[PDB]
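Read through the structure below, which is laid out as C-alpha cells, and then see the notes.
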Ligand SMILES: [Zn+2]
Ligand SMILES: [Zn+2]
Ligand SMILES: [Zn+2]
Ligand SMILES: [Zn+2]
Ligand SMILES: [Zn+2]
Ligand SMILES: [Zn+2]
Ligand SMILES: [Zn+2]
Ligand SMILES: [Zn+2]
C-alpha cells in the first residue's frame with residue numbers, strides 16, 4: 001500500500017526528460033522502491049545516498065548552514081541527485097544532456113507528493 | 001605570481017550574485033588560495049572537498065559515469081559547490097536564495113580561466 005504509493009511517484013518522474021531511473025531509500029538505510037534501469041547497482045546507490053547524507057549533514061551542522069536538503073553529483077556521462085524529503089532519500093540518475101535548472105525544478109514539483 | 005593569478009580568479013567569482021566566498025584546494029587537501037569569510041572554518045572546507053571528491057570519483061567509475069566534474073550540496077541556509085578543474089578543487093559557499101541555474105552557468109564560465 002505504502003510501497004505502491006512510492007512506485008507511482010517514481011513513475012511520475014519518468015515524464016521528466018533526462019531521467020534514467022530513481023529510487024526511494026530509507027534514511028541511513030536500504031532501498032524501499034526502485035526504478036533504476038538495471039546497469040545500476042542498487043546497493044551501491046544506497047551506500048552512496050547514506051554516505052552523502054552523513055557527509056552533508058555533519059558538514060552542514062558545523063558550517064551553520066542548517067539542515068540538508070539535496071545533493072547533486074555532475075559527471076561527464078550522468079548526474080546523481082539525492083533529495084532528502086521527510087523521512088526518505090530520493091536518488092535519481094540522469095543523462096549528461098539534462099539541464100540542471102529545469103531538472104531540479106521539475107523534480108521538486110513532483111516530489112512534493114512525498115510530503116506527508 | 002601564481003597565488004596572484006589564483007586570487008584574481010577568486011575575486012572574479014565575487015561578481016556572481018549570492019557568492020559568499022571561494023577557495024582553491026589541492027586534491028591533496030591543502031588550501032592554496034582562499035577568499036572565504038572568517039566564520040567559515042577553512043580546515044573543514046578542505047576536508048569536505050577532498051572527501052566529496054573521493055566519494056564522487058569512486059562512485060562515478062563504478063557506475064561508468066566518466067570523470068567527476070562538480071558536486072553541489074544544497075542546505076537550508078546555504079550551498080556548497082565543489083568544482084574539479086584540472087589538479088585543483090574550487091570550493092564555493094553561496095546563499096540559499098541564489099538560483100542554482102544561473103549560478104552554475106556563470107561559475108563554469110569564470111572557472112575556465114583556471115585551465116592552462
Ligand atoms: Zn534510460
Ligand atoms: Zn565519509
Ligand atoms: Zn545516461
Ligand atoms: Zn505523516
Ligand atoms: Zn557574503
Ligand atoms: Zn567516506
Ligand atoms: Zn549565507
Ligand atoms: Zn599548463
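Note that we place each Cβ from the backbone using ideal geometry, even for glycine, and neighbour counts take in every protein chain shown. Only the coordinates and a few stated rules stand behind these numbers; no lab work does.
Quick check on my filter: what residues within the range A:23-44 are away from ligand 2 (no atom under 16 Å from the Cβ) and either without any contact (Cβ under 8 Å) to a residue 24 or more places away in the chain or assigned to a helix (DSSP H, G or I) (or both)?
Selection gives A:29, A:30, A:31, A:38, A:39, A:41, A:42, A:43.
Of all residues in the range A:57-72, which are more than 16 Å from ligand 7 (Cβ to nearest atom) and touching a residue at least 12 places away in the same chain (Cβ under 8 Å)? Steps first, please.
Kept after step one, since they are more than 16 Å from ligand 7 (Cβ to nearest atom), are these residues of the range A:57-72: A:57-58, A:70-72.
Matches in the range A:57-72: A:70, A:71, A:72.
Output the residue which, of all residues in the range A:82-116 that are more than 14 Å from residue A:15 (Cα to Cα) and out of contact with any strand residue (DSSP E or B) (no Cβ under 8 Å at 6 or more places or on another chain), is farthest from ligand 7 (Cβ to nearest atom).
Once the filter is applied, the top-ranked residue is A:97.
Can you confirm whether the range A:60-70 contains a residue that is surrounded by 14 or more Cβ atoms within 10 Å (Cβ to Cβ), within 11 Å of chain B (Cβ to nearest Cβ) and within 16 Å of ligand 3 (Cβ to nearest atom)?
Looking for residues that are surrounded by 14 or more Cβ atoms within 10 Å (Cβ to Cβ), within 11 Å of chain B (Cβ to nearest Cβ) and within 16 Å of ligand 3 (Cβ to nearest atom), one finds none in the range A:60-70, hence no.
Of the residues that sit in the range B:73-86 and are assigned to a loop (DSSP other than H, G, I, E, B) and touching a residue at least 24 places away in the same chain (Cβ under 8 Å), which one is surrounded by the fewest Cβ atoms within 10 Å (Cβ to Cβ)?
B:86
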